[PDB]
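First comes one chain, alone, set out as structure tokens in the form deposited without ligand NAD.
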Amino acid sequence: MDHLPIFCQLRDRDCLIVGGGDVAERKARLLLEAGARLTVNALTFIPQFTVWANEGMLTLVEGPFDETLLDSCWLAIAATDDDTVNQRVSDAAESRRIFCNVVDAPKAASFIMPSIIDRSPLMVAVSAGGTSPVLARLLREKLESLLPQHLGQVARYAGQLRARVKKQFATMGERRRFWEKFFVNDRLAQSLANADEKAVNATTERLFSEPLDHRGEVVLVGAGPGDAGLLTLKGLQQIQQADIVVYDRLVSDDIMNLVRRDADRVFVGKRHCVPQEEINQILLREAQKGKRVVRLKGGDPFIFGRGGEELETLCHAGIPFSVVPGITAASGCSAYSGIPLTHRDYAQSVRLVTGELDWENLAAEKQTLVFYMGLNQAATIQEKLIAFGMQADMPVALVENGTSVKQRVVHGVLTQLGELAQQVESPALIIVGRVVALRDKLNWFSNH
């Protein structure tokens, strides 16, 4: 990120604003509303400032810019119509290692004022670094309507129960459950809104008198083939609130960037890859500790992932679990590669596969084949397929990193299969079938 957002406590803290026009006035209005000890240096002031000045809410210094005026500040803001004077303020501020903003110059200085969506104590800030001011405004707009006008009341109240909540529940599991039940409560939200104390207390007491569960859980979550956009809503939700996430190398970084920031992350791969057993053990141990475990697996956990293996003992262990399906590689890759898995007469049967496996059955057709881990076996596949009677002219396709910005699709025919497979590395998916034909009549993702 090119900016780190932080929420500063400016109470009884000095801040300086240079410039006394309308721009400066808007900024000053924000700092006062944050309770800063504000001083304003300007050549001329517009009414407002004086109003504040004789209302003792700030200090005014009429006259040219004075670098020493920064010596006791936490924040500096240059808002004059004079760019030369502005960078004198910025340079002064930097020598003093004070964060500073030059409003009409967003690439300069050391910080930018984001657009604010107030719902105290709850606040949302949005910005583009000065690159897309129309993007921020549109966003603030969408956000203004998206956040309930009284959402602050609930947050405020939450902080006040914060104390009784810890004393009523031993574990994190019950408190985490408390708030979840709490921020979903409309009667409460409504109650708070109508300053109806009776309804608030009634609902509050019941929440405390509730027998919340203390045990943890393990959740299998399909991460999809790679494109973070293919994660399900429920999936995003799981990694957004998990205490520990167990991911392998088939989970794209983009997807990893969606995980809760304050969560533990265990890599279960080719550091080997922690045999199955070692992965399983980790899970139940983490859930045992009453944690919210999330086993993030590529594609869909129940279609080739040892998803079941990872669960088939948790019930004997009394540990809660659930599964969140994801887009299988075959699903995404096919779609992203302009190849539908089924069409008008082509297939009435789709196959997901993998000295091995029934070639006569696979050879047959009015089917479309999708081999999951046959890259180092691609060669013998065409030999066997052709051997057991599959048309040499039959089109085939390979997809490496399907769904990713790095997607790569090689195309050809059975005879070229083995060759092609060398034109690609892992992870790659092999699709055999008449449906590959209509790839560039439907290809939309990339030209590579």
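In case it trips you up, residue 1 is the first one in the sequence shown, and so on.
Beyond what is shown, the protein has a form solved in complex with ligand NAD; the following relates to that form.
- Contact between residue 26 and ligand NAD in the deposited bound form is found at the 4.5 Å heavy atom cutoff.
- In the deposited bound form, ligand NAD sits beyond 4.5 Å of every heavy atom of residue 440.
- Taking the partner from elsewhere, residue 42 is found to have a heavy atom lying within 4.5 Å of ligand NAD in the deposited bound form.
- Using a 4.5 angstroms limit between non-hydrogen atoms, residue 85 touches ligand NAD in the deposited bound form.
- Picking from 139-147, 361-369, 185-193, 74-82 the stretch near ligand NAD in the deposited bound form, with a 4.5 Å limit on heavy atoms, gives 74-82.
- Comment: ligand NAD is not present in this chain, but in the deposited bound form one of 98, 268, 103, 319 has a heavy atom within 4.5 Å of it, namely 103.
- Although ligand NAD is not shown here, in the deposited bound form the stretch 15-37 places heavy atoms of 19, 20, 21, 22, 23, 24, 26 within 4.5 Å of it, in sequence order.
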